[PDB]
Amino acid sequence: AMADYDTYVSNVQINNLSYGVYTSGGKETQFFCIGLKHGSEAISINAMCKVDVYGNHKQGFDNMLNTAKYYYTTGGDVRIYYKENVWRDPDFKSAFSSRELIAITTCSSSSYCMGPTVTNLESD
Amino acid sequence: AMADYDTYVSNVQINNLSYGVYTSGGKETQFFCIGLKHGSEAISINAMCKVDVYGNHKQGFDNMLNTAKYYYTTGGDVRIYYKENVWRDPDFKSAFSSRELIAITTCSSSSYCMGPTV
Amino acid sequence: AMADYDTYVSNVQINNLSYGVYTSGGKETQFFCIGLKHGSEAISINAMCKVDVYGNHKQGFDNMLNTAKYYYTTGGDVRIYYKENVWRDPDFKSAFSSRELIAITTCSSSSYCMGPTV
Amino acid sequence: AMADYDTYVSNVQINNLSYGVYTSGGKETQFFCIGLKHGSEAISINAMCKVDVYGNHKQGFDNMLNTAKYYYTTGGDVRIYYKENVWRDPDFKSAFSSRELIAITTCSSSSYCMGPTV
Amino acid sequence: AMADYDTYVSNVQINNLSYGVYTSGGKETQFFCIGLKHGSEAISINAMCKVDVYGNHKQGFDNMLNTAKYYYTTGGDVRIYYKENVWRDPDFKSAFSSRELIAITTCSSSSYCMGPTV
Ligand SMILES: CC(=O)N[C@H]1[C@H]([C@H](O)[C@H](O)CO)O[C@@](O[C@H]2[C@@H](O)[C@@H](CO)O[C@@H](O[C@H]3[C@H](O)[C@@H](O)[C@@H](O)O[C@@H]3CO)[C@@H]2O)(C(=O)O)C[C@@H]1O
Ligand SMILES: CC(=O)N[C@H]1[C@H]([C@H](O)[C@H](O)CO)O[C@@](O[C@H]2[C@@H](O)[C@@H](CO)O[C@@H](O[C@H]3[C@H](O)[C@@H](O)[C@@H](O)O[C@@H]3CO)[C@@H]2O)(C(=O)O)C[C@@H]1O
Ligand SMILES: CC(=O)N[C@H]1[C@H]([C@H](O)[C@H](O)CO)O[C@@](O[C@@H]2[C@@H](O)[C@H](O)O[C@H](CO)[C@@H]2O)(C(=O)O)C[C@@H]1O
Ligand SMILES: CC(=O)N[C@H]1[C@H]([C@H](O)[C@H](O)CO)O[C@@](O)(C(=O)O)C[C@@H]1O
């Protein structure tokens with residue numbers, strides 16, 4: 001399976017966005033975070049962030065930001081791939097999220113979203 | 001004829017888009033992939049991808065991504081030029097396809113899209 | 001708490017924008033500034049600026065400019081994090097402001113904006 | 001007069017766009033082409049291209065692409081400045097055009113578009 | 001006062017735009033120029049331009065171009081800050097003007113625009 005593509009949430013909408021600058025560990029960083037809803041329902045996995053100079057994948061900051069802004073604007077249905085337990089600074093985690101944003105794919109219907117899905121119920 | 005312009009599908013619409021970051025073959029990549037429809041017709045050749053650090057043509061990642069995103073927004077008719085059998089990462093190929101996106105042109109009628117047809 | 005996130009205003013709207021190039025303190029700079037709406041007044045309050053080559057955070061100039069331009073376009077409610085007493089060029093501070101923009105987050109309701117609170 | 005500004009078509013609309021990646025003369029290129037209409041009047045001078053690493057002016061690839069995409073979206077009236085007989089790749093010239101795109105200006109009426117005239 | 005901010009026109013709209021590539025004084029340049037109106041009337045102070053590799057402030061070419069494009073789209077009321085007597089290529093100044101674009105700020109009423117006044 002595609003490494004780092006095993007945890008996602010499907011058929012959500014990006015309903016909040018944050019962008020900011022922040023000093024961490026002696027490095028000047030940019031970050032953004034997305035907030036999610038599932039139609040009129042609140043979900044448990046509802047926020048995720050990307051940081052330009054930290055994380056498992058530092059590439060693609062601007063392309064990911066522009067993609068997140070696009071879907072916040074359209075309100076379209078998406079699948080968000082994310083990684084747990086990446087941001088470990090507790091004050092950033094409290095303020096924003098611990099999860100790193102990995103990918104954003106579209107859902108053209110209530111039953112199809114683009115991108116890899118887990119093999120089976122146990123992700124063997 | 002133009003090398004790598006011999007394989008295309010015309011008058012399709014980009015109806016899905018994926019963008020992500022991913023480690024492939026020991027390298028940090030960005031990729032995007034487009035999903036296609038042709039109205040209500042059943043199509044099998046329906047997904048094409050571009051990767052920033054792999055492929056026959058590594059240039060133009062941002063410009064191709066922004067172009068693909070534009071036509072996803074409009075839903076307009078386009079021609080997709082692509083190359084078969086490029087992606088060798090088995091997990092990536094299974095999730096998307098082996099096809100590399102080469103070019104996107106517009107179609108202004110049922111009978112015309114820009115670019116070569118030979 | 002997150003350093004530089006202690007001072008903010010919530011559920012505000014950006015009603016004016018400035019972008020320019022300017023020589024300050026012997027350096028060539030770009031800057032932009034946002035003005036915030038107060039009631040029905042035309043004149044903005046609480047202006048905040050970012051400068052490409054000066055400030056506590058020089059990174060993110062283009063992304064912050066594009067974010068500010070976005071919310072000026074939509075008129076949506078946002079929370080703005082900023083730092084007081086940053087710009088020391090007296091002509092610039094008099095013309096625009098002495099505050100430096102740190103972050104912009106959305107407010108999805110009258111009681112919730114993303115980001116940390118005090 | 002401004003060199004390379006002597007040949008233009010006025011009050012046209014950009015009604016087609018192409019963007020692709022391509023190996024030409026042994027070098028990796030990006031290119032884009034614009035296709036034109038003139039309302040309902042038949043126009044033969046109807047396609048112009050720009051290439052990132054070839055041409056009389058290599059600068060401004062992304063800005064010219066983004067400008068062309070802008071006018072394709074709006075359908076607004078523009079003047080196109082171009083140079084004939086530029087592209088030496090015969091496969092490219094037959095697929096797209098020989099003409100190099102030099103400038104795009106707007107037209108605010110049927111008689112006025114910005115820029116120099118002959 | 002802020003150097004280079006003393007000369008401006010207020011409550012204008014950007015009603016034309018030019019973008020092109022051009023060889024000037026032996027250098028390969030990009031430029032753009034803005035055309036203005038003053039509501040229902042013409043204004044004879046016009047055609048302010050920015051050049052990527054010449055001028056008093058060469059930074060911010062892309063951000064100024066994108067900002068100009070934005071106000072051309074919205075038609076919003078703006079103040080333009082500019083510097084007189086900059087461009088010395090006689091063919092360029094005859095086709096456009098000699099004025100270097102310095103800043104664009106918004107106007108929220110018929111009597112207020114952001115930025116300093118004389
Ligand atoms: C996203 C992705 O699929 N990336 C994989 C890439 C791309 O498929 C490829 O670069 C596109 O052109 O392929 C990777 O594996 C290649 C690499 O191991 C080279 C090294 O020799 O071999 C390539 O296959 C060769 C083969 O070895 C030759 O003998 C002959 O058969 O031709 C083929 C041409 O493909 C591998 O594809 C890569 O690292 O480049 C792995 C990426 O994950
Ligand atoms: C370089 C320079 O002189 N800039 C001044 C400009 C120019 O003189 C003017 O734009 C050239 O046409 O004028 C500035 O003041 C004008 C501005 O406040 C506009 C706002 O709409 O009003 C102009 O007054 C109008 C007036 O309100 C009308 O009733 C009528 O009387 O005509 C005049 C002309 O339009 C003000 O002159 C400017 O900011 O544009 C001041 C600049 O310093
Ligand atoms: C677009 C344009 O007009 N470019 C001019 C350029 C600009 O006018 C100038 O750099 C902006 O400050 O001026 C050029 O020519 C001259 C210089 O060679 C010389 O150093 O000084 C001259 C004035 O006394 C004049 O500016 C230039 O910088 O090369 C010519 C160029 O086409
Ligand atoms: C736009 C502006 O005000 N720039 C001024 C900066 C900023 O105030 C600080 O860089 C903020 O951290 O301060 C200076 O003293 C400096 O650093 O040399 C002078 C300069 O003119």
Side-chain angles (χ1 to χ4, degrees), chain A residues 2-3 5 116, chain B residues 4 20-33 48-58 61 83-102, chain D residues 2-3, chain E residues 1 4-13 20-33 36-58 61 77-102 105 107 109-118:
Chain A
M2 279 181 63
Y5 281 71
Chain B
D4 287 354
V21 296
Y22 172 54
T23 305
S24 182
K27 163 164 340 178
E28 285 305 315
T29 73
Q30 297 179 83
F31 71 89
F32 72 91
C33 298
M48 287 92 178
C49 303
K50 184 151 170 60
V51 181
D52 67 340
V53 298
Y54 284 119
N56 293 99
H57 307 285
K58 292 169 189 68
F61 183 83
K83 184 167 174 35
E84 287 280 358
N85 300 129
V86 175
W87 314 123
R88 294 320 159 104
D89 176 328
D91 304 306
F92 187 82
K93 167 171 49 209
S94 292
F96 296 94
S97 71
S98 75
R99 291 170 207 119
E100 177 171 10
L101 177 56
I102 298 295
Chain D
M2 280 175 68
Chain E
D4 288 355
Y5 282 67
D6 58 292
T7 298
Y8 54 83
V9 289
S10 309
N11 304 95
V12 293
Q13 304 78 40
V21 298
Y22 172 58
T23 306
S24 181
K27 289 182 164 103
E28 290 298 325
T29 71
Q30 304 177 79
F31 71 93
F32 71 93
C33 305
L36 308 178
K37 67 181 180 65
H38 182 235
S40 304
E41 65 194 5
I43 183 169
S44 59
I45 299 172
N46 222 306
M48 286 89 177
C49 304
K50 188 151 169 59
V51 180
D52 65 340
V53 296
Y54 290 119
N56 290 286
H57 307 285
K58 297 173 192 160
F61 186 81
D77 307 315
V78 294
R79 176 179 292 146
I80 304 303
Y81 294 86
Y82 61 92
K83 185 168 172 88
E84 281 289 357
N85 195 34
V86 176
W87 311 119
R88 303 299 166 93
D89 174 329
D91 294 313
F92 187 79
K93 57 172 200 194
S94 184
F96 297 105
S97 78
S98 80
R99 292 176 263 261
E100 179 172 11
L101 179 58
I102 297 291
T105 73
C107 309
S109 76
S110 57
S111 65
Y112 178 75
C113 317
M114 196 174 186
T117 57
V118 300

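Just follow the structure's listing: the first ligand is 1, and inside any ligand the first atom is 1. Residue numbers begin at 1 in each chain, while the letters A, B, ... track the order of the sequences.
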If you scan the protein for heavy atoms around [atom], do you find one that is closer than 4.0 Å?
atom                    : value
atom 25 (C) of ligand 1 : no
atom 21 (O) of ligand 3 : no
atom 18 (O) of ligand 3 : no
atom 22 (O) of ligand 1 : no
atom 30 (C) of ligand 1 : no
atom 2 (C) of ligand 1  : yes
atom 42 (C) of ligand 2 : yes
atom 15 (O) of ligand 1 : no
atom 29 (O) of ligand 3 : yes
atom 1 (C) of ligand 3  : yes
atom 18 (O) of ligand 1 : no
atom 6 (C) of ligand 3  : yes

B:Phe92 versus ligand 1: do any nitrogen or oxygen atoms come within less than 3.5 Å of each other?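 No, B:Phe92 has no N/O under 3.5 Å of an N/O on ligand 1.
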Look only at interatomic distance and state if B:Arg88 has a nitrogen or oxygen under 3.5 Å from any nitrogen or oxygen of ligand 1.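 Indeed, backbone or side chain, B:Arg88 has an N or O that close.
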Quick one: look up the protein heavy atom nearest [atom] and list residue, atom name and how far away it is.
atom                    : result
atom 8 (O) of ligand 2  : E:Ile45 CD1, 5.0 Å
atom 32 (O) of ligand 3 : E:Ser24 OG, 2.8 Å
atom 27 (C) of ligand 3 : E:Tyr54 CE2, 3.4 Å
atom 11 (C) of ligand 1 : B:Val86 O, 3.5 Å
atom 6 (C) of ligand 2  : E:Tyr8 O, 3.8 Å
atom 20 (C) of ligand 2 : E:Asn11 OD1, 3.4 Å
atom 34 (C) of ligand 2 : E:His38 CE1, 4.6 Å
atom 39 (O) of ligand 2 : E:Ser10 OG, 2.6 Å
atom 10 (O) of ligand 1 : B:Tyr54 CD2, 3.5 Å

Please evaluate residues E:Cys113 and E:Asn11 with respect to the criterion side chain to side chain contact (heavy atoms under 4.5 Å, CB included), reporting the C-alpha separation (whole Å), side-chain torsions for both, the decisive distance (0.1 Å), and the verdict. CA-CA 8 Å; E:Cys113 317; E:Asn11 304 95; 3.9 Å; yes
What heavy-atom pair brings E:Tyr82 and E:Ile45 nearest, and what distance separates the two atoms?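 Answer, listing the atom of E:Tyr82 first, then E:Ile45: OH-CG2, 3.3 Å.
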Over all heavy atoms of both residues, which pair between B:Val51 and B:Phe31 is shortest? Give the atoms and the distance, please.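 It is CG2-CB, 4.1 Å.
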Nearest 0.5 Å please: distance from the [atom1] atom of [X] over to the [atom2] atom of [Y].
X        : Y        : atom1 : atom2 : answer
E:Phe96  : E:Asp91  : CZ    : CG    : 11.5 Å
E:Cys49  : E:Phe92  : SG    : CZ    : 4.0 Å
B:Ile102 : B:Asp4   : CD1   : CG    : 4.5 Å
E:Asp77  : E:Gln13  : CG    : CD    : 5.0 Å
B:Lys50  : B:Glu100 : NZ    : CD    : 5.5 Å
E:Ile80  : E:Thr7   : CD1   : OG1   : 13.5 Å

Give the contacting part of E:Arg79 toward ligand 2: side chain, backbone, both or neither, where contact means a heavy-atom distance below 4.0 Å.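 No part of E:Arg79 comes within reach of ligand 2.
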Within reach of ligand 2, part of E:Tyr82 (heavy-atom separation under 4.0 Å):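 Side chain only; the backbone of E:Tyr82 stays clear of ligand 2.
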Closer than 4.0 Å to some heavy atom of [X] - which atoms of ligand 1 meet that?
X       : answer
B:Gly25 : 43 (O)
B:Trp87 : 1 (C), 2 (C), 3 (O), 8 (O)
B:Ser24 : 1 (C), 2 (C), 4 (N), 42 (C), 43 (O)
B:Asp89 : 2 (C), 3 (O), 5 (C), 43 (O)

Verdict with reasoning, E:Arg99 to E:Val86, per side chain to side chain contact (heavy atoms under 4.5 Å, CB included): CA-CA 6 Å; E:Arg99 292 176 263 261; E:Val86 176; over 6 Å; no
Should [X] be counted as touching ligand 3, given the test is an N or O pair under 3.5 Å?
X       : result
E:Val86 : yes
E:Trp87 : no
E:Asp89 : yes
E:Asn56 : no

Which ligand 3 atoms, with their elements, are less than 4.0 angstrom from a heavy-atom of E:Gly55?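 Within the 4.0 Å cut-off of E:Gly55, ligand 3 contributes 11 (C).
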For E:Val9, atoms of ligand 2 separated by under 4.0 Å from a heavy atom: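 Once the distances to E:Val9 are compared, the set is 10 (O), 40 (O).
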Within a distance under 4.0 Å of any heavy atom of E:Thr7, pick out the atoms of ligand 2 and give their elements.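 This gives 1 (C) as the contact atoms.
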Kindly determine whether B:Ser97 and B:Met48 satisfy side chain to side chain contact (heavy atoms under 4.5 Å, CB included), including the steps that lead there. CA-CA 6 Å; B:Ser97 71; B:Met48 287 92 178; 5.5 Å; no
For E:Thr29, which part has a heavy atom under 4.0 Å from ligand 3: side chain, backbone, both, or neither?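 Neither part.
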Does any N or O in the side chain of [X] come within less than 3.5 Å of the main-chain N or O of [Y], such that one atom is a donor and the other an acceptor?
X       : Y        : answer
E:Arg79 : E:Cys107 : no
E:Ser94 : E:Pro90  : no
E:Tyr81 : E:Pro116 : yes
E:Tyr8  : E:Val118 : yes

Minimum non-hydrogen distance to atom 23 (C) of ligand 3, winning option of E:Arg88, E:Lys58, E:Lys50: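 Considering heavy atoms of E:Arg88, E:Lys58, E:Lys50, the nearest to atom 23 (C) of ligand 3 sits in E:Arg88.
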Would you check if there is a donor-acceptor pair between the side chains of B:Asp89 and B:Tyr54 at a distance under 3.5 Å?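 Short answer, no.
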Run the side chain to side chain contact (heavy atoms under 4.5 Å, CB included) test on B:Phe32 and B:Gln30 for me, step by step, so that the C-alpha distance in whole Å, both residues' side-chain angles and the decisive distance to 0.1 Å come before the verdict. CA-CA 7 Å; B:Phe32 72 91; B:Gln30 297 179 83; over 6 Å; no
Parallel, tilted or perpendicular: ring planes of B:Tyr22 versus A:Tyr5, cut at 30 and 60 degrees: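 Perpendicular, since the angle between the ring planes exceeds 60°.
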